[PDB]
Every structure is written in C-alpha cells, then in structure tokens.
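The data below hold one chain only, encoded as structure tokens and taken in the form deposited in one PDB entry.
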C-alpha cells in the first residue's frame, strides 16, 4: 500500500501556529479535497481539533495511544500497526499530519505531497525534514492567488521508488 504524506508549509517549514494553522487558503484546501477524495486521512488528535470535523468522502482515522478516545465520524487507531490494519485493502494512505504523525510514518512513506507557500508566518510546529539524499520531483505547479489566497505557493509531488 502507498503511504503518502500530505502537507502545506512555510518557506521555513512551519505547518502550524498555536494548534490552528498559520494562514487560511480556500483554494489550497481545494487541491487537498481533490487529491485526497476517496482515500483515508490519518491525522493526530490536535490536527483533528484544528479541522474540527470529519472530512466528507474519506475515512478519517485519528492516531492516539489513548485507549478511550472517541469522536463520531472518525475511526481511532492507537498504533501505526492498527492504521495498516484498518487500511489493509487501501490503495493509498494520506498522512494528514501533526508533525509527530509525520514522524511516526517516516519509515514507511513512498510518496510526498508538498505545498510550499513563499511567505513566513509566526508559529511553532514544523514539517519533519528528510531528503535532498533523494527523492524525485514528479510534478510541479502554481496555485490561485486572490483577495483570499494571497501567496505564491507551489503544488509539489515526489516519489521514493528505491
């Protein structure tokens, strides 16, 4: 099964602020809906509270070690091992994030979905960095800059095929 990371970040790798994210970019959330639809999202508790509801069309799966955590509309996994058990029959998995969630699935990733916003915000969680020792660009693009969406980001994708 394909473990794909799905991430938007600063030019300084910031992905988050207090708990809620640094920006607010409707069109970005579009690309995300699009590429993700019909696939499981694996996220941590704190990432889900930011979102604040289940994302329609996708098995939302939350990752806590806590044996008594439940939210409606979402599955809970208390392990990386469980995540693969729930997604046994699954084509592709999207690690939706929380930095610590990315750290968990680092030994398993085979595909990366990075958005790079050029502008630097105030906040404190970061994307766990990885490979100029790989991987392979497989796609680039620019996105909508508007009155809402005001920043030059680039939709990226990579593939570790080794």
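What we label the rigid core is the largest C-alpha set whose atoms superpose within 1.5 Å from one form to the other. Positions refer to the first chain, counted from 1.
Below: the form deposited in another entry, not depicted.
Taking 2 Å as the criterion, residue 126 counts as shifted between the shown form and the other one: its C-alpha moves by at least this amount when the rigid core is aligned.
If you fit the rigid core between the shown form and the other one, you'll see the Cα of residue 31 move by 2 angstroms or more. An increase of at least 3 Å in the separation of the C-alpha atoms of residue 94 and residue 129 is found in the other form, compared with the displayed form. Note: residue 10-residue 19 Cα separation is 3 Å or more shorter in the other form than here.
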